[PDB]
Amino acid sequence: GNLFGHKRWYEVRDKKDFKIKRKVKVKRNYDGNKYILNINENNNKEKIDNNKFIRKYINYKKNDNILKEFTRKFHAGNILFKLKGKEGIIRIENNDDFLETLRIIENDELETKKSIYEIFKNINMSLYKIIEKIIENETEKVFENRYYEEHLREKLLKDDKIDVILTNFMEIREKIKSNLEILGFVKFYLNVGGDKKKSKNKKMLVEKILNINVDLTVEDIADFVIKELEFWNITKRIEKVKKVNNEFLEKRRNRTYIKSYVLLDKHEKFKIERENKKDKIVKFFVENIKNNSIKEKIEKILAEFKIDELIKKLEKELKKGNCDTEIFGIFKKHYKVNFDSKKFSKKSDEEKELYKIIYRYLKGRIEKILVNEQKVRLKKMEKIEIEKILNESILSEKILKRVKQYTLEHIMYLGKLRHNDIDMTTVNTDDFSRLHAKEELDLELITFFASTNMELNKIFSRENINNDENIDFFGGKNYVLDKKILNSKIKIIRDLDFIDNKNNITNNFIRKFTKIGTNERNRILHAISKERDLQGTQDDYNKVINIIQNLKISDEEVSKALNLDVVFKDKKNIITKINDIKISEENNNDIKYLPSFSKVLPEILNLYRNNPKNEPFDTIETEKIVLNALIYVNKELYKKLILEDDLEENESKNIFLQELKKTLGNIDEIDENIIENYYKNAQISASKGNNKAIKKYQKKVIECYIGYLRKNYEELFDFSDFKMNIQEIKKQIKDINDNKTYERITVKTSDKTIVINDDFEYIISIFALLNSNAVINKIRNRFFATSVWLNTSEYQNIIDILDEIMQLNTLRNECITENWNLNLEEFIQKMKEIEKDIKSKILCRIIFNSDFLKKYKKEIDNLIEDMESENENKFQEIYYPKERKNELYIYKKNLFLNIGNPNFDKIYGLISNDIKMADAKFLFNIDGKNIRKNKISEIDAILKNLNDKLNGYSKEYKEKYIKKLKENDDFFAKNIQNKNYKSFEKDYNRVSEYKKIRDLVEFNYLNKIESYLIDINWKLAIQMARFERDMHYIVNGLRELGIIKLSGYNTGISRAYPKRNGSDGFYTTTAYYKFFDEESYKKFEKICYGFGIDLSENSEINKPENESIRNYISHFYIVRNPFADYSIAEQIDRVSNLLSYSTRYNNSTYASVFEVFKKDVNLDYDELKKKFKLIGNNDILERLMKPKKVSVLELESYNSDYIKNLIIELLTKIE
RNA sequence: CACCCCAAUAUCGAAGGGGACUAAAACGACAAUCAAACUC
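Dropping the structure here:
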């Protein structure tokens, strides 16, 4: 359980009626110099006396609440059935059941039910008694355990009258099962039931009772009993506190508790302690590790421990069959006999700690087995043996590594304090948390700097023939343009004044951009700290060019009517109503907390289809052309409804936000800024390990917005009249070019006010302008997440900026591809573009590139071209008209977009052949055309209900009910349709077969693959950045204790460690810190090597160019050059080792990566917890990933095998 | 194979507990298996 958690165990009397006892969650809060205890409820935040509190905790922990509690909530005849009477007697057994006792229907005859009524009571009464006796047992044996609920369960199951109850239930079931429709209606009814307050737990056990299609096992009933028993907090564990003999030792006991539980923590211990004792042990340890004196120092003490008897000593109890805390005794007892005593011995403090470290480590292994034994008894862990959890050889290796971690953490903790400059006297928990927040932002920012350097490398390359090596623009100067520049870049680069006319490099780029970028890169890295600092470099004129650049990208609204208002010309009327909404640009600050429109989109989609009235969608065109216009309007309506300012005094209507704040808050108390507090509370929950915290809050906001859409904008989805077209195509064309009739309906399009206030906002916005939307997204949301966590408004501007640069990026991509192009006469367009070698026509064609178009045509042609006589209609109307062939090219946007993309040719392989095979039934079959319109959804609708019906039921139950549904066709028929299951299964694979092909032919796989490359490389990027940060901690820590000597700072060197590039004085030249003499560095490098960090070239980090893991990842060569030289797996291995200096990071890498694929494979998390190298051997290894399931059911996904293998290829491919 | 931390502690019913303070998770532009009795 928990104190200072969600369990409410602490008890405070209710204010309205003093007698009533109300239960509260209580917490620790730092008051300034010390922790204090506050109650932690929205209603109450009162301080708690430490002394009152500790006693209550101890009192709470031993209280025999349970018997009074079980009776207080329950009595026979209210325990389940609520079959009760007694003529004014509240609870009793056996007596006094009052036995044999808008439309009203009374009928004759149903004699039998009276027979079953009694059956109810024989049921409920037996149950109450069964429990009472067990609670009545004694100690109890049952509730004195840590896994008490399970013991209760085994006792409940075993050798009890419960089995008769199953028989009674079955008997009740049998009469209902066949004989009377009424019997079922009634049999269910005598359950409370529906109204007051009831526990989902009960409803499901009812739902199993009222169902004869599913079997009922005695297990289902027992499980209900404990769950009901917990549900009402009747059942708790009885744990006796340490025994004490008089008040003076009781006083001492309660004081160390208050220390252990309320008073101290990592920081608090550090502050009080302890005349320099800790530093000495760590100093003691570092030397011993360097010496190699250590292993035998541990290896000997381990034997003092005498493990083998302990393994024997432990084994004996486990067979005793409790599977509990008694294990710690056998351990506690064993230590007492083998070890002192007190006489042995007066020993060095450093020596003593190895005993504590060893002791408490092995006490951690005693938890390993105990956790396992519970984890083997239920389902499968499974069946691991002590024998090789204690493994004196394995233990020796593990124990050593825990000693280096201890020694390491302390060094780093001091360094972290040092490098930041937090005062060692006031360190507290509150400061450390807000330091985490930025530390997280800092890792992201640096990675951001490192992608923009990757982008800059492509645009810019060294003048000399000699070096093809990376250019570190920041932290660095006679650059010359790269040979392979996109020419998309020059326009941005030219605009920025980075490039002089003729493409020669600008003066400004050297001071304005590079100088600022580096100083800014170093404020992040060096915890600077200061004025920031440029009085300084950068000016509004310099800045204004940036603002003007952002403004230029946006297409005007008038242009962005290629979503055909033909659609809306019905129906003109809603559009004026929306523009007519008045909003204020204040930004409110509520808006930040609401979901992205991307979240709400699907429901908006969902409703329009869900709405009954709308007609079937013709081909498509139309649906693509109807939804898209609708989505964009909804996207801009989502925003206007949020920014709407308060309505004028005579409107009945509620502004959307006001309805939302009213829904989330209780009635009559609607005076609050509750939106923010829900997000902030939901963000904290997520922090403490509730991953649904933020989705659950989101979907509320959505539900409420979807409501608001239905109530005020119903017509926008109400489309009684529509046509499949061409008539629409005609409509757009007939409409198009009636230039004299220029005017088209348009959405408001807002207005733009970009402003820059610092040099920092301007390097970032520039950087934003330089790399992909996927990347700017990651650091945007990190700007967001920090601002909320720290409750600052520093970053709000750059967010708005970064938002704008993005909405402009993805709208420009709306206009140009569909409208400016595609020309559709590609050989012609290439000569139309080559002739070319705000506005939409028109110039945005800059993005259009001749080489790319040629490539696009060529790759499509490869797909189209027939081999031999064998030719094809297939791919018709997908890539070509219709008619025919080369005359026109269809715009498969997914293919056209990107093709950046050094990767693309490499990435495309393993898609490219597979594209050719797929038949187009898209097209191809009326069945194929049919599958989309009626049926992709038909299944989704069917799976949905099944999921909803199922949820919260056990896997064991779901499994049979599911088998029963497969097995009995008549049972299956109700839900959903096309009974039986066999028929459904075939429609499922049918859609499963539509979606497989569809994904290849629009090349959805490029998107998935291109995403995998950036995420994986991005997290791996974070991680080298963490390592770099750590070295600063290691140096600072090593220095703060007097174990290393530094005479200087080489400011303007980012890195904390030096190269052997030298030749001499490299140590005081290479690194940010300055070392006194080789000895200093020679000692440093050695202490480091002790922890698994190899600082002597060439050691992974220092291999000359792109040979170090560091350089390969940090220069982003998994997105730009995949598969060259090294397997992605090879490299995932090689970082997972570079970080092996700190157990904290164990399988940090592996986990990090495979969650990039969580969505499209079925990760075995158990097997991701074990040790492994993917890269070497371990062919068997994935394994790590299993094919995806859904329908729960667990039906194989439309692309389960293909995607999972696609990934496998991706990682391993090494050519 | 998570990791760190909490005593009078080498060891003492810590057989307890803390952890935005630490990784992982989460978040992420465009984009899915998980009081009682009376009132209904």
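For reference, each letter of the first sequence is one residue, going 2 to 102, 175 to 549, 553 to 913, 1006 to 1383 in the entry's author numbering. Even for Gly, the Cβ is constructed at its ideal location relative to N, Cα and C.
Buried versus exposed, by CB contacts within 10 Å (16 or more), residue i
i, result
"residue 616", "exposed"
"residue 556", "exposed"
"residue 1276", "buried"
"residue 831", "exposed"
"residue 520", "buried"
"residue 1238", "buried"
"residue 578", "exposed"
"residue 1292", "exposed"
"residue 378", "buried"
"residue 639", "buried"
"residue 7", "exposed"
"residue 371", "buried"
"residue 98", "buried"
Check whether residue i and residue j have beta carbons under 8 Å apart
i, j, result
"residue 401", "residue 439", "yes"
"residue 1247", "residue 1235", "no"
"residue 897", "residue 849", "no"
"residue 92", "residue 180", "no"
"residue 29", "residue 327", "no"
"residue 1368", "residue 1381", "no"
"residue 1047", "residue 1060", "yes"
Alpha carbon of residue i to alpha carbon of residue j, nearest angstrom
i, j, result
"residue 1173", "residue 1157", "21 Å"
"residue 774", "residue 1098", "34 Å"
"residue 856", "residue 1062", "25 Å"
"residue 1045", "residue 1058", "8 Å"
"residue 502", "residue 1084", "60 Å"
"residue 636", "residue 645", "16 Å"
"residue 769", "residue 36", "28 Å"
"residue 82", "residue 780", "37 Å"
"residue 1185", "residue 1278", "12 Å"
"residue 1298", "residue 302", "52 Å"
"residue 393", "residue 212", "18 Å"
"residue 1267", "residue 1258", "14 Å"
"residue 1191", "residue 1313", "10 Å"
"residue 216", "residue 450", "18 Å"
"residue 1319", "residue 1377", "19 Å"
"residue 388", "residue 459", "8 Å"
"residue 1328", "residue 1352", "13 Å"
DSSP bridge partner residues for residue i (one or two, in chain order)
i, result
"residue 25", "11"
"residue 48", "39"
"residue 1191", "Beta-bridge pairing links residue 1191 to no other residue."
"residue 720", "659"
"residue 1364", "1357"
"residue 1216", "1242"
"residue 30", "37"
"residue 1080", "None, per the DSSP bridge assignment."
"residue 533", "557"
"residue 1048", "1044"
"residue 575", "581"
Any non-hydrogen atom of the ligand GDP closer than 7 Å to residue i Cβ
i, result
"residue 1070", "For the ligand GDP, the structure offers nothing, since it holds no ligand at all."
Expected contact under 8 Å - CB spacing of residue i and residue j to nearest Å
i, j, result
"residue 1152", "residue 1306", "So it is not a contact: roughly 51 Å between Cβ atoms."
"residue 16", "residue 313", "Contact doesn't hold; Cβ gap of about 33 Å is too wide."
"residue 1300", "residue 1324", "Incorrect: roughly 11 Å between the Cβ atoms, too far for contact."
"residue 260", "residue 189", "6 Å"
"residue 671", "residue 778", "6 Å"
"residue 628", "residue 1006", "6 Å"
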